[PDB]
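Participant: Here come the first chain(s), positioned as in the complex:
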Amino acid sequence: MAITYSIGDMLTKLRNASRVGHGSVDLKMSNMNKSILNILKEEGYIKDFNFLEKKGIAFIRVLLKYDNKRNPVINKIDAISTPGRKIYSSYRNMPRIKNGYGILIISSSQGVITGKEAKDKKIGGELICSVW
Amino acid sequence: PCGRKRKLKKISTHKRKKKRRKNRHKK
Amino acid sequence: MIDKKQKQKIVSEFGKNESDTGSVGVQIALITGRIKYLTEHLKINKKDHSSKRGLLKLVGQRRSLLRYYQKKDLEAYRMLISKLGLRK
């Protein structure tokens, strides 16, 4: 099967649905996927996400958010760390994505947290993805 | 493709094969 | 061919019960039976190459299952190889 990304699969599905301009997208469900979508939700990139059922398997249905002119909120969403190339960073060397206009998402000792929260709590970890 | 490059390769191959045929049976 | 009767017979022997087809021991035993009658067939029909490819795919499947079983349940693995004759 070599899924190789419970993370990149959802990222790619979300990216594709967002650019074609769908209303909702329907992802596999995991603790990290939930955490990431939660961070998106606070940051105002997605409207909401719900938990569901199909054939006894749980899904996450995410409500894509666009402006009134159908320009997506997500512009570019892309992975940094990667099974063949794992990228870790200290809390000082954390990149500020696009001069802060975007957000960085990392996995740290205290859970999956945004870059600003990682800086404010003085913790660092794996660089999951960058969204702007 | 223009095919001049393929022609170049062809004549090279012919010359090399001719060399080998000439030096066959020699010992 | 391995007829339905010996198929079910080996299932009954090797599984925990009558419905336990999918367990690893049943898997390996069935593939071993297939390998045996195929090596018999290919001993005769030496220029048969599609069959040889099928045999080799079966052998690879058996090795894969054997590694998984030996890693997970070791003593069952040694009992199984000793019973089936698969050398180590």
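Facilitator: Looks like it came in fine. Numbering: from 1, shown residues only, chains lettered A, B, ... in the order given.

Participant: Report the secondary structure state of the closest residue to residue C:30 other than its chain neighbours.
Facilitator: Nearest non-adjacent residue to residue C:30, counting by C-beta to C-beta, 6 or more residues apart in numbering or on different chains: residue C:10, 6.1 Å away. Every residue, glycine included, has its C-beta placed from N, CA and C. Per DSSP: H, G, I helix; E, B strand; the rest coil, the local secondary structure of residue C:10 is helix.

Participant: Could you report the neighbour count for residue C:10?
Facilitator: 18 (other C-beta atoms under 10 Å in any protein chain shown).

Participant: measure the spatially most central residue of chain A to residue A:131 for me?
Facilitator: The centroid of chain A falls nearest to residue A:36 when counting by C-alpha atoms, centre = their mean (4.5 Å). Here the criterion is C-beta to C-beta, to the nearest Å. By it, residue A:36 lies 9 Å from residue A:131.

Participant: Give me the buried stretch members for the helix or strand where the residue nearest to the centre of chain A lies, please.
Facilitator: Here residue A:36 is covered by helix A:31-43, with elements defined by DSSP states H and E. For helix A:31-43, a neighbour-count test (16 or more other C-beta atoms under 10 Å in any protein chain shown) marks A:33, A:35-37, A:39-41 as buried.

Participant: now for RNA strand D:
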RNA sequence: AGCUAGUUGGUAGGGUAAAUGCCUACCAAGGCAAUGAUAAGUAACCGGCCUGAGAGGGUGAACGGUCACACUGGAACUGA
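Facilitator: That brings us to RNA strand D, laid onto the chains above:
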């Protein structure tokens, strides 16, 4: 692309300020190697120097530390 036969390890002994095949006498055939042994070529090493946004690349002048050598090849004495 195979190499090593004091070569690998063991038991005693020689010797050393001191461990060790460092050396010797016996007992085994072992040891290393496509996760690169062995071989050939090149080269003193480092703190550093030059370059470059950085990562890197090249490099080992002077100065400072270590190592090796003092015509070529050996050997022991004196002595902490």
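
Participant: same question on the buried residues of helix A:31-43, but with RNA strand D included?
Facilitator: Result for helix A:31-43 [16+ other C-beta under 10 Å]: buried residues A:33, A:35-37, A:39-41.

Participant: Output the longest helix belonging to chain C.
Facilitator: helix C:50-72 (DSSP state H).

Participant: Kindly format the C-alpha coordinates of that helix as CSV.
Facilitator: Extracted C-alpha coordinates of helix C:50-72, given in CSV (Å, rounded to 0.1, in the frame of the first residue of the first chain):
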residue,chain,number,x,y,z
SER,C,50,4.3,-19.2,-17.6
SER,C,51,3.8,-22.0,-15.1
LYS,C,52,7.3,-21.5,-13.8
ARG,C,53,6.6,-17.8,-13.3
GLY,C,54,3.5,-18.7,-11.3
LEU,C,55,5.5,-21.2,-9.2
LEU,C,56,8.1,-18.5,-8.4
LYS,C,57,5.4,-16.0,-7.4
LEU,C,58,4.0,-18.6,-5.1
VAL,C,59,7.4,-19.3,-3.6
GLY,C,60,7.9,-15.6,-3.0
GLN,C,61,4.5,-15.4,-1.3
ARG,C,62,5.4,-18.3,1.0
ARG,C,63,8.7,-16.8,2.0
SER,C,64,7.0,-13.5,2.8
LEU,C,65,4.4,-15.3,5.0
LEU,C,66,7.1,-17.3,6.6
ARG,C,67,9.1,-14.2,7.6
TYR,C,68,6.0,-12.5,9.0
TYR,C,69,5.0,-15.6,11.0
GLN,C,70,8.6,-16.2,12.3
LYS,C,71,8.9,-12.6,13.5
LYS,C,72,5.5,-12.6,15.1
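
Participant: add RNA strand E to the structure above:
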RNA sequence: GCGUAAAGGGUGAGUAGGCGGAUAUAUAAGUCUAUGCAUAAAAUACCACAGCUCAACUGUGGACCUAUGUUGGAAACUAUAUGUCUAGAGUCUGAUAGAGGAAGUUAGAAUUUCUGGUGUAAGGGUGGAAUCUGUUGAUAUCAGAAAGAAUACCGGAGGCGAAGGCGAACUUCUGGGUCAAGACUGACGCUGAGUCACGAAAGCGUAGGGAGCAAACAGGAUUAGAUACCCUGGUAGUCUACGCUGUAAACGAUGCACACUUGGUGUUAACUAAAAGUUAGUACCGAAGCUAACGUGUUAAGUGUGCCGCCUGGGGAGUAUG
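Facilitator: One more piece, RNA strand E, placed on the ones above:
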């Protein structure tokens, strides 16, 4: 970066290796932190402040990295150890399509040769001729016998297989795929350096067979010449059994696998009585996107990653040498 510029291995099965669903607990190797604590001699390198008339130069302090060791913590992720689940992948059951492969039998058309009748001067061939065949009875026509090779029609914007490839008919042996609530195992997976297996045609060894076709070769023509194109002949080879060779424009010039991303028009198989739709393929056009352009476009060359192979100006050169 690898469709066409140099770059995807001919194809597959797999060892080492790399990577890999959901979830619980423990370990703390990786990672992160107290930029704890030390060690990273001095000078040099960075920032200030000073002394040589300044600068170079020189001196006193202050640090920024990141490198190792160690102390106490955090645990998401990778890793380690023990479990749990089923949606991935398999086994079992049922249904079903197919030139898939191997072995053993059989068939007819057509052609050639041989034998026996009828019958006479041409046949054959080209842009035009000739060589050749024929008065030893040709060609044509009728009947019989023998051998070899290949399978019209079905037959295609098909089908199957990993690829090469596979089409007269039957049996035996045998490989793979697809669909489903239809239960079982519970991540058992992806890719894969060496290695192994297969691999059109040509070629080689041994032993047969040899109708037709046909390198080499011979003759007749075209031409200044014709070691060719054309014509008449013709030996290997083409065929069978076994053992080697392992090369192709072996091409979709596009490696494999998974998760996604508007449609139009046909077509194959299955489910459904059939339409009608779905699923798994297989073709054409085409929106967005992509592309140097050509083009590609749910069978991506689109958006992502896993692993392998390969490229770094042309000639010399896939040569010399090992």
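
Participant: hang on, the earlier thing: buried set for the longest helix of chain C?
Facilitator: By 16+ other C-beta under 10 Å, the buried positions in helix C:50-72 come out as C:52, C:55, C:58, C:62, C:66, C:69-70.

Participant: Does anything pack onto it? Which helices or strands?
Facilitator: helix C:24-44, helix C:74-84 (3 or more C-beta pairs under 8 Å, 6 or more residues apart in numbering or on different chains; DSSP states H and E).

Participant: now the nearest residue to residue A:100 once chain neighbours are set aside: how far from RNA strand E?
Facilitator: Residue nearest to residue A:100 in three dimensions, not counting chain neighbours: residue A:116, with 7.9 Å by C-beta to C-beta, 6+ apart. Separation of residue A:116 from RNA strand E (C-beta to the nearest atom of the strand, to the nearest Å): 15 Å.

Participant: Which strand or helix spans residue A:116?
Facilitator: Per DSSP H and E: helix A:115-120 holds residue A:116.

Participant: by contact count, what packs against that helix?
Facilitator: strand A:103-108.

Participant: The helix or strand hosting residue A:18 vs strand A:103-108, what angle?
Facilitator: Using DSSP H and E, residue A:18 sits in helix A:6-20. Per axes from the mean of the first three to the mean of the last three C-alpha atoms, to 10 degrees, the angle that helix A:6-20 makes with strand A:103-108 is 160 degrees.
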